[PDB]
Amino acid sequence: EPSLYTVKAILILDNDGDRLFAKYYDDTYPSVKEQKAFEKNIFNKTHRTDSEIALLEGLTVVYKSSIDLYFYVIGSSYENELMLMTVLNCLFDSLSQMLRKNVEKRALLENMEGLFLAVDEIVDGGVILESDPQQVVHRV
C-alpha cells in the first residue's frame, strides 16, 4: 500500500554506537530502551564497514561513515532503497556544506542548532521534505 510515509528513522551514532542524533518516525521501537537496543544492534553490525546497505530486524538500513561518525536512514524492507539513499545523501551532503568541513563528532557537536534544523528540513514525520542538500543548507 502506497504512502508518503517512507522513512522509519534517522540515526547518527558515535564510535561507541552511542546516540548523537535520533528520530523515530513511527511505533516500531516505542520506548527509548528498545530504541537504544536497536541502535547498539545496528552499530554492532555496521561498525567499520563500507557496505552501504543492510537488512536488519526486518528493515532496510542505509548507512555511511566519516571519521568518528555513522549515519543511518532506516525504512521498511518494502521501501525503495534508492529513495532512502537520497535521504542519507541529502543528510550527509547538507551537513558537509553546512559545516564547511569534514563531518565529525567534534565539528558536529560544535553546532547542534544547525544539525537539528537541517534534519528538520529533510524529513517531516517520516515524509521526505527536501532531497536537495543545497535547498536544505539555504533554509538555515
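Counting begins at 1, following the sequence as shown.
Requested in this report: Give the stretch, out of 96 to 104 and 60 to 68, with the larger mean C-alpha temperature factor in the deposited entry.
Outcome: Mean B over CA atoms: larger for 96 to 104.
**Report entry** Mean C-alpha temperature factor, higher of 24 to 32 and 77 to 85
**Finding:** Going by the record's values, the stretch with the higher mean is 77 to 85.
Query raised in the report: When you compare the CA B-factors of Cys90, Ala37, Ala54, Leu115 as listed in the entry, which one comes out on top?
Result: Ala54 has the highest C-alpha B-factor of those listed.
**Report entry** Assigned third (lowest, middle, highest) for the C-alpha B factor of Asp14
**Finding:** It falls in the middle third of the chain.
Query - CA B-factor placement of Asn111, once the chain's modelled residues are sorted into thirds - result: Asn111: CA B-factor falls in the highest third of its chain.
Report task. Please place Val137 in the lowest, middle or highest third of its chain by C-alpha B factor as given in the entry. Result -> As the PDB entry reports it, the C-alpha B-factor of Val137 lands in the highest third of its chain.
Query - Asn44 - Cα temperature factor, lowest/middle/highest third of chain - result: Middle third by C-alpha B-factor.
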